[PDB]
Every structure is written in structure tokens, then in C-alpha cells.
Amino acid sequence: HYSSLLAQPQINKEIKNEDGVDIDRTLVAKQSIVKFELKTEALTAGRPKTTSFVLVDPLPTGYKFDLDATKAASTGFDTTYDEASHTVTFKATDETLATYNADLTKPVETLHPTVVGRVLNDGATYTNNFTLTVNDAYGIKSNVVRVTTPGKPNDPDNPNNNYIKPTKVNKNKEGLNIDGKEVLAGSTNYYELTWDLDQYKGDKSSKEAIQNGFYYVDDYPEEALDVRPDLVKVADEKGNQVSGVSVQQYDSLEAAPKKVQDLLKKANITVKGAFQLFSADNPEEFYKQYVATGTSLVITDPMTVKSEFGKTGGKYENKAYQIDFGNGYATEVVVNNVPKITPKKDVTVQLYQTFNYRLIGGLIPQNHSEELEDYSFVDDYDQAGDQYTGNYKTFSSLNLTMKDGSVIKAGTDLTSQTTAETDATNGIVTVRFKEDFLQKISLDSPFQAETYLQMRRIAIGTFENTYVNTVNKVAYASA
């Protein structure tokens, strides 16, 4: 008699987001409001009078139960919550018990409560069921329902699920990862920021979670580098361009719109000084086209070494963040070092005696980022006192390896790979390494060279002589 008390499907647990969309066995963003709806079908006619009508729902871990939201959605019940066992119980009021017992010869439609909370963890599966016991004589156990948040691989319901890991790598223009490498003055860091969106494929988040926006933050070292605002570009993982991503630079977080600071503090992101904020313009179109389709974006964010910072040297760090649906995830930190270049000069007298200016070049340290395209010696002598004979010899100052594999020994004459020229107007000798020899050198080998400029005194007295070394068209004085 009691197995036919509730009607056709009897009971049915449903799980929805805040737009009322069935999200069972699908994927939803972290912090999403998730409604457990404990539907119960009409009571058959010819029943006994209903003493009790009790639904008990043990809630899953990671689901933060909201008491006043679930009470408002469960009129006709009285809501009790056991915090120690994550269990919520709904007991039908005597007023809807009365409407269940108004005429037992007709079917009556029964009320149902709704649990309202939000999921709190990434890469978690949330399971739920509930039991309904009536008149402590029957009792029915419901079907299990599932929702999953992105962040865990090998999810059987979503085969694209994985770790939400935004990545940042430093590249030159050839695409070589230069993480941790040395970077010479005037060079540019072609930073690659990945906007990790693969795992969000199949997401059914609400329309207001999407309205929290989609952003990318880059905490760039403002004290060492300058942004190249016209070379920032957002592309998908293949190469096609992305228009719908705007970029704004802020010199400090405290000098930024209060919306932006609220954004970062609700994602637990804090920035050292200046940062960039990539925005989605219209988040809804950005969602349908990149988030819901699981197509990650790539942001090339090139920045160049300041002039002064190349002369002082030091180290700098870049770090980025990804902010989807309001939730923040952080890249690892990429580190680079700028070497301080300081060439020196000695001499090696008496009227018309020949002598050499020894011009030692700057040390290009091991494990550098960019190809050498310029290593030149520039000597501005006093033509009224000394004159340049026209002979000179350039030697490596250390052991040079390169791409073929050979190692050029320390002290080897490299003058058959140089090119001099003379400016008689100002009195300037310029010994240059050509490009095709410099661009034959491995990026992991060091580089240093010296030239001996043969000169002779043609006047009495002492005379000043300035020497300037050049590496990739940045000029270093000397002492």
C-alpha cells in the first residue's frame, strides 16, 4: 500500500545553478551557487492521514550551505542544519500537512524544499542525495547527482579537465625559452603569457558568474623594463588573432579604479608597484567563444631593458595571474639577470716611438639570451698628439665555443674576422666584428675580445684617449 503512496517517479533530486539550468554530471566554476532541489511528486488518492513528512539531505564536503537562502526557497517546511555532519533536514509544517490532509480521496500536489549553497574547491566532484520518510513507515532514497569543478585530470564526465595552470615563459624573437638566462642591455623580453582555458570546456556556469568578468594580470618589473604597447597581441594556441581583449597599464594598485582593486583582492592577487590588466571587454561573447569552448589564449607581452638598468645591471622578475569567474590563479615566477659590462684600456714612450692602445672588450657572460650582432671597439684618440699607424690585432680573451662544436682557444687572433674604418675628421678608429662571425657563436658560450691599436706619438705632451665598446648597439664607456 505504501510503495504506491507517492505518484509516478515518486522523488527526484535535481541540481541546478542560479539560472535554473540542470547541471548534473557537468562542470561549473568554483564559487558557483549550486541548488539541490528535492522534488517530491503528488500524493496518490486513498492514502492515510499524513503525520510526518521529513526530508534529510547529507550535504557534500566543499559545499558551503547558506541557511537563509535555503529557508526562503523552502516555504512550507522548517529547516534545521546539523553543522557537525553537514546534514540539513526539512520537516513539513503543520499548515502544509493540513493541505495534505484536506480530502484524502483526491490526489494533492506536495511541496518541495531546495538546498542553496556554493562549491568551494577546484577540481572536486560534488555528490548528493536525499531520503524522504513519511509517517515513519515508508521512506525512499533518492538518485545520486553530481557536479564537478574544473581542476582535476581524468574526469570521466569531462575528458578535457585538468589543472588550471596559467604559464609564463620568457622568449627572444626566435622563440627560444630564455628562462633564467642573462639578458644584455637594450634587449627585449618577448614574454609569453598563457591564458589557461582548456579545462573550462563544457562549463555551464551562470550568466552572472560570467558577468564577474575574465581578466589577466601581469606584475611586470617596472623598475627595470618598459612595456612595448604596440607589440602586445592576444592569439589562440594555434596562431589566429583575438580582438576581444583590451589592455590597461596602472602605475600602482592604489592609483587604479576601485573596481580593479576590488577585483584583485577578491582573487587574492597583490602586485609590487605597476602591473597590466587584460580585460575581456564583453565577458559574455568572450565566454561563448573561448571559455566554453576550452581554447586557451596566448599573450605575447614584450618588454625591453631600460637604458640605465643595462649600465647598472641586476636581476628582475615577471609574474602573471589568471582571473576567471572572479577566481585567481598564479603563474610561476620567471627570473632574468642583466650583466654589467665595463670595458677597460691600458697602453703597451718617447717621440715617434710606436706603442699600442690595449682595448679590452666587455664580458658577454655564459648562458645569454640574444645573439651577438655587434661587438665593436671605438677609439677616439687625439690626432694632434698621436696618430694611428693602421695596424691592429684582435684576440679572443677567453675560450669560445659555438654552434658547430669547435672551441676557439683563448688568445687566438681573430683579426681575419674584423673590419676597421677610420674617421679622420674627428680622429676615431672603429674595429668591428662583422655580423656573420658574431652570429656564429653559441648562446651558451661566453664572449670577450681585445684589440691592440698600433699608434705612435707625433707631438710632445700627454693626450686624452676615450675608448667605447659596443654590444648590440648599446655603447659602454671605459676607464
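We number the residues from 1 along the sequence you see.
Unmodelled residues of the deposited sequence between neighbouring positions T348 and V349 number 10 or more. For the segment pair 132 to 140 and 397 to 405, the entry gives 397 to 405 the higher mean B-factor, averaged over Cα atoms. Relative to one another, 141 to 149 and 385 to 393 have unequal mean CA B-factors, and 385 to 393 is the one with the higher figure. Per the deposited coordinates, the residue with the largest Cα temperature factor out of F275, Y375, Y352, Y200 is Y352. When the Cα B-factors of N121, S369, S296, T167 are read from the PDB record, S369 comes out highest.
In this PDB entry, the Cα temperature factor of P343 sits in the middle third of its chain's modelled residues. Residue-level temperature factors show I33 in the lowest third of its chain, judged at the C-alpha atom. The PDB entry assigns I11 a C-alpha temperature factor belonging to the middle third of its chain's modelled residues.
Ranked against the other modelled residues of its chain, the C-alpha B-factor of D380 as given in the entry falls in the lowest third.
In this PDB entry, the Cα temperature factor of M455 sits in the middle third of its chain's modelled residues.
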